[PDB]
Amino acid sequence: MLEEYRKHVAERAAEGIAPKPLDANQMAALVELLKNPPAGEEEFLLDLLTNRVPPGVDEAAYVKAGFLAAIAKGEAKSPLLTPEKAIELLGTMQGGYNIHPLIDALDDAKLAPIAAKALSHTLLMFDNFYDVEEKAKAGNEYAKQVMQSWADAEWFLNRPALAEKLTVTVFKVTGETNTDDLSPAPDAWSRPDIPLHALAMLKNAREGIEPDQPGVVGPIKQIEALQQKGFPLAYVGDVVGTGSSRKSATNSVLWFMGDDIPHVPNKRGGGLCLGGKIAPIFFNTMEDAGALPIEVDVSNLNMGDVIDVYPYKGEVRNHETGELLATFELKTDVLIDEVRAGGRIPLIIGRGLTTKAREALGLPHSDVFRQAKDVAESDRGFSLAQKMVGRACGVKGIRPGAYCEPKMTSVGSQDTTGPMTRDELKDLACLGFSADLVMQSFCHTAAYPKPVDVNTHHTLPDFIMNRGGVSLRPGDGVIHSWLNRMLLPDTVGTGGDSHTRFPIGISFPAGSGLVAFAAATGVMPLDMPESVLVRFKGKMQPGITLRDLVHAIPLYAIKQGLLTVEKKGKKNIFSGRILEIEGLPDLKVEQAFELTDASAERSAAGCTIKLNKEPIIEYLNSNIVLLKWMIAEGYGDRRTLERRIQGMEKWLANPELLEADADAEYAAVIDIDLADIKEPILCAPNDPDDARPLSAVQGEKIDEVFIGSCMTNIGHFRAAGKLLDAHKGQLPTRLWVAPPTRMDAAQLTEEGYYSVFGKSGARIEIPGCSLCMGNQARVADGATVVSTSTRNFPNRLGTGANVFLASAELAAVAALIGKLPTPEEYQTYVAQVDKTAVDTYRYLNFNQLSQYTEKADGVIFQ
């Protein structure tokens, strides 16, 4: 092990980074070395054992804990460690396989006092808390002091409180920092390897930042130079953390600006982040990771400024002058506790341990922790979302500003956050899921897998199914297209993807840390956000699509003055709030998804849309058959699938839907009149908020077109097909087509549409995210494209590419003529397909497809 291991150390040091943690195989070999240590290797072997092994239920941890338990029990011996030392080290693995040996040690007069100190600061006790109470009740004195210790919150009070004065050096990034900037798509493969992945942070050049190697390595040396001023760094920007939920963005920042975690290799916590505006998902990820995120005016903060931050006072001052630079308020006072605990998650878990111990010993109620603020007189009614969250909490409704913990009915996970989520789950010592349903897809890496992705394909499914989750297969297609067909109406959920925007019920997307917690405990912490109401009125004009309406939201918000495009001092009524939509209650559920999905680009924390029962009834009747069919096909964890089917059947039998009260409170109400939308609306190159009417950008030359995000359904493809079929010959553009699911692909194939795409010269990609994410295939450098995908951030679909977001029907026209069409032209082409609109926009209903029902009829409920 040793020789190969330090060759690795050297390879990595040459590149300036830490070595990867030991794996199970290496840990096993290490065990042998500890039993018979070669001369002169004592200190190395001890460091590897102590600092270079993942904690929790990682496979290497299993091996490490087993070895140590044996040492502590005399069952094994090493000249380098004593039983006392083994117990001490066991107390450093935070949870999982180290707890049993630690509890057993309480029955040993020698080790007990040490085991007790270790358990006293162990948070991940979960059900093991009872094992400890039982020993105390049987007369164990050391068990008693552990209980009292938990009861007194020693684990919390022994941690340094948040200082009153923080002196930090400003690392300032002007404009908007989205998570792609911090953690680029093409580098998604290295996310689980924190130190390596961090090298890509801000690798693309932008104002005031100097990448050590443009397009490959970020401003590591610029960062290092700033660290020499003697103060810790703070990340500072006008708009921070918009876009993708990838925790890797946070991991990277903290790797450079955070603090080490004792005995946990290659992962950092803490830190400070300041932005004019901070996207809600990013904010959560930062607080869960132990950082302190603060929304404040940053115009007076400059690259390299040394600064004094006073959390309790809410002031930022120049360090040399004492001048006031800005003032602020923490979003909640509980943040102070979160930082002290090392993050919101550890806080919740630890606080619950103390509470549990306080009730066992018959004590009052802790006064050590800050409580969430109280909400005033509960006179008025509730909005749809407030009722949904309320019901998930056993109450009629939850008010904005309140802290709550909704039950998680559905949890989604995809393959680019999956590996991180899996790691976070290991850190939380999770061996089984408590959420009602956890589904894992393989949509982001299936088309052009790297070797590491292949390992992901062969390993993540089991990790998920063994915990009771449902797993799809590479080639099945996009997460949301499947996940949405597994949802229960009016319920609450989350997912490791920013586009987890349930078209029925409500979801609050999150980073891998919180997704792990929600999967494991079946619950999610939530500071209830405010809502913004968007109301559609009237009838759609000719040739207008649902997608145009999605884009009209930012458009009208800009007209009314609730949204601005300029990044400095950006205004955005939607940021951090729940977007609630009404006015289109008869939309098919997948149509509803187009609107709810796009709430992500609004920077909304979540979304609801009011729908009638019929379209949901149709959807569920179709989904029941799909799920039975999945069982017949052999899919991941049958029991979970079966229970979900029953849940759907129960609802169909008594179809009830929640509804907003007429007197609900909203932060703002936006009315949009469909009669005023006469021409298609696009999102102009590189900003999802920059909505413009077709007439404003008509004539722009187009190189490449992309059709097929989770924003599309089979109807969009039929539409594009009919348009292409009408104008035979090869296209002047490069057209990419990517059906969201294999069910979609198969039906289009059966209907003859692949011949149509084939003759046109189009590329048909396998079911999955394809170009939408930009992590595998990419558009040509500097190309101008029109895309039905969700995000046109700089460098996403391609390097230096300019991307217009539009509807599928408009995109098909553009692909045909090589440029954005004029409103008149657009209407001429589409008029043609409207004649057969009934045939074109037929949705997939699995209960009407024999190949599906036949397999469903063959299933016996276990």
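Residue numbers here begin at 1 and follow the sequence given.
If you average the C-alpha B-factors over 750-758 and over 316-324, the higher value belongs to 316-324. For the pair 328-336 and 241-249, the mean Cα B-factor is higher in 328-336. The PDB entry gives the largest Cα B-factor of the residues 716, 467, 644, 356 to 356. Across 231, 433, 156, 619, the entry's maximum B-factor at the CA atom is seen for 231. Ranked by C-alpha B-factor against the other modelled residues of its chain, residue 854 falls in the middle third. Ranked by Cα temperature factor within the chain, residue 739 sits in the middle third according to the deposited record.
Residue 844 sits in the lowest third of its chain by CA B factor, as recorded in the PDB entry. In the deposited entry, the Cα temperature factor of residue 790 places it in the middle third of its chain's modelled residues. When the modelled residues of the chain are ordered by C-alpha B-factor, residue 835 sits in the highest third.
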